[PDB]
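**Student:** Next up, work.txt (compact mmCIF, C-alpha atoms).
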# COMPACT_ATOMS: atom_id res chain seq x y z
CA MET A 2 0.00 0.00 0.00
CA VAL A 3 1.05 3.58 -0.65
CA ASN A 4 2.32 5.38 2.43
CA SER A 5 3.37 8.91 3.29
CA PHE A 6 7.10 8.41 3.76
CA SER A 7 8.68 10.97 1.41
CA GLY A 8 12.11 11.45 -0.08
CA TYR A 9 13.52 8.02 0.73
CA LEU A 10 16.05 6.25 -1.46
CA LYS A 11 15.00 2.66 -2.17
CA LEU A 12 17.78 0.21 -1.26
CA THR A 13 15.92 -3.09 -1.69
CA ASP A 14 12.40 -4.43 -2.09
CA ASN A 15 11.63 -3.53 1.53
CA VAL A 16 14.36 -1.19 2.87
CA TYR A 17 14.38 2.58 2.32
CA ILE A 18 16.79 5.24 3.63
CA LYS A 19 16.82 9.02 4.12
CA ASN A 20 19.12 11.62 5.68
CA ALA A 21 16.75 12.86 8.36
CA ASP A 22 16.31 13.62 12.02
CA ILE A 23 14.12 10.75 13.25
CA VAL A 24 12.34 13.09 15.71
CA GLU A 25 11.23 15.45 12.94
CA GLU A 26 10.39 12.53 10.64
CA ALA A 27 8.19 10.94 13.29
CA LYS A 28 6.43 14.21 14.09
CA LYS A 29 5.60 14.72 10.40
CA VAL A 30 4.59 11.16 9.42
CA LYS A 31 3.09 9.94 12.72
CA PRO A 32 3.98 6.36 11.71
CA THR A 33 2.32 3.36 13.23
CA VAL A 34 5.72 2.39 14.69
CA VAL A 35 8.84 4.36 15.51
CA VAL A 36 11.84 2.34 16.70
CA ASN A 37 13.89 3.55 19.65
CA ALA A 38 17.55 2.63 20.10
CA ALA A 39 16.92 1.50 23.67
CA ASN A 40 19.06 0.04 26.42
CA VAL A 41 17.98 -2.75 28.75
CA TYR A 42 16.97 -0.32 31.52
CA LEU A 43 15.00 1.95 29.16
CA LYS A 44 17.10 4.89 30.44
CA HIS A 45 16.68 7.31 27.54
CA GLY A 46 19.66 9.54 28.24
CA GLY A 47 21.27 10.25 24.90
CA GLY A 48 21.55 9.26 21.28
CA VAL A 49 18.27 8.40 19.55
CA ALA A 50 16.64 7.52 22.88
CA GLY A 51 17.50 10.81 24.55
CA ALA A 52 16.25 12.72 21.50
CA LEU A 53 12.95 10.80 21.19
CA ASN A 54 12.32 11.08 24.92
CA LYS A 55 13.03 14.83 24.94
CA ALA A 56 10.53 15.26 22.10
CA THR A 57 7.88 13.55 24.29
CA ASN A 58 8.51 16.02 27.15
CA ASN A 59 9.84 13.06 29.22
CA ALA A 60 6.56 11.11 28.93
CA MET A 61 8.47 8.25 27.29
CA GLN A 62 10.78 8.04 30.32
CA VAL A 63 7.88 8.12 32.82
CA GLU A 64 6.15 5.28 30.98
CA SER A 65 9.42 3.36 30.69
CA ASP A 66 10.20 3.61 34.40
CA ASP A 67 6.84 2.02 35.21
CA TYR A 68 7.49 -0.70 32.59
CA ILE A 69 10.84 -1.58 34.19
CA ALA A 70 9.49 -1.50 37.73
CA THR A 71 6.84 -4.05 36.68
CA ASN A 72 8.78 -6.25 34.25
CA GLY A 73 12.49 -5.76 34.89
CA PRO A 74 15.17 -5.07 32.27
CA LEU A 75 14.97 -6.12 28.67
CA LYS A 76 17.50 -8.50 27.11
CA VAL A 77 20.20 -7.34 24.71
CA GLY A 78 18.63 -8.20 21.34
CA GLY A 79 15.15 -7.85 22.81
CA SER A 80 12.35 -5.33 22.61
CA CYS A 81 9.10 -4.08 24.04
CA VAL A 82 6.20 -2.13 22.53
CA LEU A 83 5.16 1.02 24.40
CA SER A 84 3.26 4.17 23.47
CA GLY A 85 4.53 6.36 20.66
CA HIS A 86 3.29 9.44 22.54
CA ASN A 87 3.31 12.48 20.21
CA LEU A 88 5.64 10.74 17.72
CA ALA A 89 3.84 7.60 16.54
CA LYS A 90 1.08 5.20 17.51
CA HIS A 91 3.64 2.86 19.07
CA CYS A 92 7.31 2.94 19.99
CA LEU A 93 9.20 -0.33 19.53
CA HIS A 94 12.08 -0.10 22.01
CA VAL A 95 14.82 -2.35 20.60
CA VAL A 96 18.10 -3.11 22.39
CA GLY A 97 21.01 -3.54 20.02
CA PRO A 98 24.38 -4.56 21.46
CA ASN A 99 26.48 -1.68 22.79
CA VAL A 100 30.06 -2.19 21.68
CA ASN A 101 31.15 0.38 24.28
CA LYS A 102 29.84 -2.05 26.94
CA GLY A 103 31.60 -5.03 25.30
CA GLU A 104 28.38 -6.62 24.05
CA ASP A 105 28.49 -9.20 21.29
CA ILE A 106 27.78 -7.76 17.85
CA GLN A 107 26.15 -11.03 16.74
CA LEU A 108 23.18 -9.97 18.82
CA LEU A 109 22.53 -7.28 16.22
CA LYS A 110 20.71 -9.80 14.02
CA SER A 111 18.46 -10.83 16.93
CA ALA A 112 17.75 -7.14 17.57
CA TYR A 113 16.66 -6.55 13.96
CA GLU A 114 14.42 -9.64 14.02
CA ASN A 115 12.07 -7.68 16.29
CA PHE A 116 11.24 -5.46 13.29
CA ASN A 117 9.59 -8.42 11.51
CA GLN A 118 6.70 -8.25 14.00
CA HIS A 119 5.59 -4.95 12.42
CA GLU A 120 4.54 -4.44 8.81
CA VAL A 121 5.96 -0.88 8.53
CA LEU A 122 8.52 0.93 10.73
CA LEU A 123 10.42 4.18 10.96
CA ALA A 124 13.80 3.30 12.49
CA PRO A 125 17.41 4.27 13.15
CA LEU A 126 20.30 1.95 12.38
CA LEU A 127 20.58 -0.30 15.42
CA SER A 128 23.82 -0.24 17.42
CA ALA A 129 25.06 2.80 15.45
CA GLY A 130 25.93 6.15 16.96
CA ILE A 131 26.85 5.97 20.64
CA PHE A 132 26.28 2.18 20.65
CA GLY A 133 29.61 1.91 18.84
CA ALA A 134 28.95 -0.45 15.94
CA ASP A 135 29.88 0.22 12.34
CA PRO A 136 26.78 1.70 10.63
CA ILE A 137 27.70 0.05 7.30
CA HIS A 138 27.54 -3.31 9.10
CA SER A 139 24.27 -2.39 10.79
CA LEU A 140 22.70 -1.53 7.41
CA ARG A 141 23.88 -4.85 5.98
CA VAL A 142 22.37 -6.80 8.89
CA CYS A 143 19.15 -4.77 8.55
CA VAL A 144 18.81 -5.56 4.85
CA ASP A 145 19.60 -9.24 5.43
CA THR A 146 17.27 -9.67 8.44
CA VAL A 147 14.25 -7.38 8.14
CA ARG A 148 11.57 -8.56 5.72
CA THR A 149 8.90 -5.99 6.60
CA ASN A 150 9.01 -2.45 5.27
CA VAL A 151 11.56 -0.33 7.08
CA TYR A 152 12.22 3.38 6.56
CA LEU A 153 15.67 4.22 7.96
CA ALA A 154 16.51 7.74 9.16
CA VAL A 155 20.23 8.58 9.24
CA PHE A 156 21.03 11.74 11.23
CA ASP A 157 24.43 12.64 9.73
CA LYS A 158 24.73 13.66 6.06
CA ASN A 159 28.29 12.39 5.69
CA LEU A 160 27.35 8.98 7.08
CA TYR A 161 24.19 8.84 4.96
CA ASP A 162 26.22 9.47 1.81
CA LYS A 163 28.73 6.78 2.78
CA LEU A 164 25.97 4.27 3.55
CA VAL A 165 24.34 4.82 0.16
CA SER A 166 27.56 4.96 -1.85
CA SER A 167 28.93 1.74 -0.28
CA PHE A 168 25.70 -0.25 -0.39
CA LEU A 169 25.98 -3.56 -2.18
For this file, write the structure as structure tokens.
**Tutor:**
Amino acid sequence: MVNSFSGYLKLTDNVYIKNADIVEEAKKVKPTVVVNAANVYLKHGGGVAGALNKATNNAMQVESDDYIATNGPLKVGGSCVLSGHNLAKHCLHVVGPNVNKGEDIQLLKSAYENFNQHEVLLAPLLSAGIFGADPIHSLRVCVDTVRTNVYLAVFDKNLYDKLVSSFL
């Protein structure tokens, strides 16, 4: 079905990419699902998580603290579905491995598998940015793991250009 995502470059049958601020993208599109680059404690301090949470006026963090108090931490590679607040219907909080914590990069595939539970997503590259993985690798794992339709927002123009120009 046609959708309102605009200005994306088509990488594959199901994966699309754009140089964009995921906060502004979500505000404009109001997708069914926005993906957060979460950690196991749902402490949304920085990176994508800090930015999404700030855009919700801290409502994402309040909701997340109640989630953790009830359910305990997520697993690396795991996820939970919470409200999308003012950004989306739902937020899929996905924990990619954090290389700066020594976590095993193989868990990146498991992390992306969560996307297959949703027909359409707006997402960042998992484990990129402050999570320390190579974004070119993250894009490769995304393409090779996600089968549903995923619209990737890449914050940095230089990185976006490198991701497109090196894509096999």
**Student:** Could you state the separation of atom CA of residue A:146 and atom CA of residue A:61 in Å, given to one decimal place?
**Tutor:**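 So the two atoms, atom CA of residue A:146 and atom CA of residue A:61, lie 27.5 Å apart.
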**Student:** Which of these residues is nearest to residue A:17, using all atoms listed in the file: A:86, A:29, A:148, A:94?
**Tutor:** A:148
**Student:** Between A:101, A:123, A:72, A:144, which is the closest to residue A:6 once you count all atoms listed in the file?
**Tutor:**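 For residue A:6, the nearest of the candidates is A:123.
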**Student:** How many Å lie between atom CA of residue A:152 and atom CA of residue A:103, rounded to one decimal?
**Tutor:** 28.2 Å
**Student:** Give me the residues of stretch 32-136 of chain A that have any atom at most 12 Å from an atom of stretch 20-26 of chain A; for each, the nearest atom pair and the distance in Å, rounded to one decimal. Use all atoms listed in the file, sort by chain and number, and format it as JSON lines.
**Tutor:**
{"residue": "A:32", "atom": "CA", "partner": "A:26", "partner_atom": "CA", "distance": 9.0}
{"residue": "A:34", "atom": "CA", "partner": "A:26", "partner_atom": "CA", "distance": 11.9}
{"residue": "A:35", "atom": "CA", "partner": "A:23", "partner_atom": "CA", "distance": 8.6}
{"residue": "A:36", "atom": "CA", "partner": "A:23", "partner_atom": "CA", "distance": 9.4}
{"residue": "A:37", "atom": "CA", "partner": "A:23", "partner_atom": "CA", "distance": 9.6}
{"residue": "A:38", "atom": "CA", "partner": "A:23", "partner_atom": "CA", "distance": 11.2}
{"residue": "A:48", "atom": "CA", "partner": "A:23", "partner_atom": "CA", "distance": 11.0}
{"residue": "A:49", "atom": "CA", "partner": "A:23", "partner_atom": "CA", "distance": 7.9}
{"residue": "A:50", "atom": "CA", "partner": "A:24", "partner_atom": "CA", "distance": 10.0}
{"residue": "A:51", "atom": "CA", "partner": "A:24", "partner_atom": "CA", "distance": 10.5}
{"residue": "A:52", "atom": "CA", "partner": "A:24", "partner_atom": "CA", "distance": 7.0}
{"residue": "A:53", "atom": "CA", "partner": "A:24", "partner_atom": "CA", "distance": 6.0}
{"residue": "A:54", "atom": "CA", "partner": "A:24", "partner_atom": "CA", "distance": 9.4}
{"residue": "A:55", "atom": "CA", "partner": "A:24", "partner_atom": "CA", "distance": 9.4}
{"residue": "A:56", "atom": "CA", "partner": "A:24", "partner_atom": "CA", "distance": 7.0}
{"residue": "A:57", "atom": "CA", "partner": "A:24", "partner_atom": "CA", "distance": 9.7}
{"residue": "A:85", "atom": "CA", "partner": "A:24", "partner_atom": "CA", "distance": 11.4}
{"residue": "A:86", "atom": "CA", "partner": "A:24", "partner_atom": "CA", "distance": 11.9}
{"residue": "A:87", "atom": "CA", "partner": "A:24", "partner_atom": "CA", "distance": 10.1}
{"residue": "A:88", "atom": "CA", "partner": "A:24", "partner_atom": "CA", "distance": 7.4}
{"residue": "A:89", "atom": "CA", "partner": "A:26", "partner_atom": "CA", "distance": 10.1}
{"residue": "A:122", "atom": "CA", "partner": "A:23", "partner_atom": "CA", "distance": 11.6}
{"residue": "A:123", "atom": "CA", "partner": "A:23", "partner_atom": "CA", "distance": 7.9}
{"residue": "A:124", "atom": "CA", "partner": "A:23", "partner_atom": "CA", "distance": 7.5}
{"residue": "A:125", "atom": "CA", "partner": "A:23", "partner_atom": "CA", "distance": 7.3}
{"residue": "A:126", "atom": "CA", "partner": "A:23", "partner_atom": "CA", "distance": 10.8}
